[PDB]
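**Q** fold the following for me, if possible:
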Amino acid sequence: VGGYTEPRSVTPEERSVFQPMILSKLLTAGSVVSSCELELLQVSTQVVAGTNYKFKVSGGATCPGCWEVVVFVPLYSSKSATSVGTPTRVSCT
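**A** Numbering: from 1, shown residues only. What follows is the structure:
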């Protein structure tokens, strides 16, 4: 118990919030170029003291490849901030 849900489709509001956070992280880590079209393929969630969102993301023509990236969203009543994890390269299959 306490593991991830099965992957699911990403909501419009989730794309709006998390896609630029994940792009910014991949860009600052030197993993993608600034022109990268990044797609959130799916998300799996784990409820802790807050929520872990595990994304599988795909790059477009200038950033081909897939990464797994975990984002932590804490509870409002917490001293902790929203944190993007370290991206890991994964197979798109």
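
**Q** let me know the outermost residue of this protein.
**A** Residue farthest from the centre of the chain, counting by C-alpha atoms, centre = their mean, is residue 77 at 22.8 Å.

**Q** which stretches of this structure form strands?
**A** 38-48, 50-59, 66-74, 83-84, 88-90 (DSSP state E).

**Q** name the strands paired with the fourth one and say parallel or antiparallel.
**A** It refers to strand 83-84. When pairing is defined by DSSP bridges, strand 83-84 lines up against strand 66-74 (antiparallel).

**Q** could I get the buried residue list for the partner strand?
**A** Neighbour-count burial for strand 66-74 flags 66, 67, 69, 70, 71, 72, 73 (criterion: 16 or more other C-beta atoms under 10 Å). (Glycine included, C-beta is placed from N, CA and C.)

**Q** can you check stretch 46-62 too?
**A** Within stretch 46-62, the residues scored as buried using 16+ other C-beta under 10 Å are 50, 52, 53, 54, 55, 56, 57, 58, 59.
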